[PDB]
Amino acid sequence: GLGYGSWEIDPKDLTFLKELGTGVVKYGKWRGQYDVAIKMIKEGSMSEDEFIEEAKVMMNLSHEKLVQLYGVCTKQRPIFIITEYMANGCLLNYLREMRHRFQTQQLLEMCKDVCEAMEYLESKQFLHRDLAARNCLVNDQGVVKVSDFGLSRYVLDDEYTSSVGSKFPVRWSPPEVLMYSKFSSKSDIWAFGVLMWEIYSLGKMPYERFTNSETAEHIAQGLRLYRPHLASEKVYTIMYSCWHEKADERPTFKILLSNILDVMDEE
Ligand SMILES: CC(C)(/C=C(\C#N)C(=O)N1CCC[C@@H](n2nc(-c3ccc(Oc4ccccc4)cc3F)c3c(N)ncnc32)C1)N1CCN(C2COC2)CC1
């Protein structure tokens, strides 16, 4: 209504129902009826004007395997990001809960969910820039969706923002990122291969016995993760294809999707 742009949600339309943890995220309703998650952005943590402009672009991204951004509440502090509600939370935690007793068919479907979202982002020339299990969410039906897409661009804490930083995603980064800060579609591809490894490893940390420094050296020497016990040879071939030293030899998300579908048919 009056005073709200298409990207702006009126926070008075929100009903807060549950604390989901930590900025802080809550579960609630929008206009009484619709489930939403509300993420409250810690003051000083984000380049807010830049994020708000990008939120307009992100509003136009729509795919069933991508967490939907509904809008932002910006007339205020902290600002809110309003999204689709994902009842089963973070993929990384979901994987680590051994009660689920996942079949490998379920693990491959999680990979396909993510790959479909990434094929969609690739088709829109939109890089994720921090793809990892910790940045995927799981709904009440067990469907995995990609979250936080592109958001690293607006983080102000310099520990997060380059390889010099102590909170940079070294373990999800190809050699050309670690060496040269060369981001591309192919750095998302590399990260996707690591995500498949996380899925088939039930949420182990990649290179779990190494520091970030040691990981960077391992990768730069041409060495890699190796096959999770739950990955078949064909699944391992797919994740490993994401880790070619030469970025241009790595597949596209379309090719990965075709490979995943082929393995689902065969296994
Ligand atoms: C504390 C606890 C119980 C929780 C978790 C673990 N893990 C856990 O799932 N979290 C963290 C808190 C928050 C949660 N979260 N975040 C979101 C969200 C993400 C992104 C987002 O902005 C976007 C921006 C751009 C584009 C797209 C989205 C908005 C969100 F609202 C969300 C959403 N949309 N729906 C549902 N949940 C949601 C995930 N954990 C921590 C881990 N613990 C383990 C360690 O011992 C057990 C168990 C309990």
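Residue numbers for the sequence shown, in the authors' numbering: 389 to 410, 414 to 658. Note that beta-carbon positions come from the ideal geometry of N, C-alpha and C, so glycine has one too.
{"Asked": "Considering only residues of the same chain and omitting the five flanking positions on each side of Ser557, which have a CB-CB separation below 6 angstroms?", "Found": "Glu550"}
{"Asked": "Between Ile472 and ligand 1, is the CB less than 7 angstroms from at least one heavy atom?", "Found": "yes"}
{"Asked": "What's the gap between the Cα of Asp426 and the Cα of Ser604?", "Found": "42 angstroms"}
{"Asked": "Hey, would you say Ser564 sits closer than 8 angstroms to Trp581, going by beta carbons?", "Found": "yes"}
{"Asked": "Which residue marks the beginning of the beta strand (DSSP E) containing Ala428, and which one marks its end?", "Found": "425 to 431"}
{"Asked": "If you drop the 5 nearest sequence neighbours on each side, which residues of the same chain put their C-beta closer than 7 angstroms to that of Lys433?", "Found": "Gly414, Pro469"}
{"Asked": "So, using beta-carbon positions, are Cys502 and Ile651 closer together than 8 angstroms?", "Found": "yes"}
{"Asked": "Is the beta carbon of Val561 closer than 8 angstroms to that of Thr552?", "Found": "no"}
{"Asked": "Determine, using beta-carbon pairs with one atom in the segment 451 to 460 and one in the segment 505 to 515, whether at least three such pairs fall under 8 angstroms.", "Found": "yes"}
{"Asked": "Taking 7 angstroms as the cut-off, is the beta-carbon of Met449 closer than that to any non-hydrogen atom of ligand 1?", "Found": "yes"}
{"Asked": "Could you tell me whether any non-hydrogen atom of ligand 1 is closer than 7 angstroms to the CB of residue 413?", "Found": "There are no coordinates for residue 413 in this structure, because the numbering of the chain runs from 410 directly to 414."}
{"Asked": "Would you list the residues sitting across from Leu460 in a DSSP beta bridge?", "Found": "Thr474"}
{"Asked": "Quick test of the definition: if touching needs 3 or more C-beta pairs under 8 angstroms, does the segment 512 to 523 touch the segment 599 to 613?", "Found": "no"}
{"Asked": "Take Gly419 and list the residues in its own chain whose beta-carbon comes closer than 7 angstroms to its own, dropping the five residues that flank it on each side.", "Found": "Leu402, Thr403, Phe404, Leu405, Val427, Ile429"}
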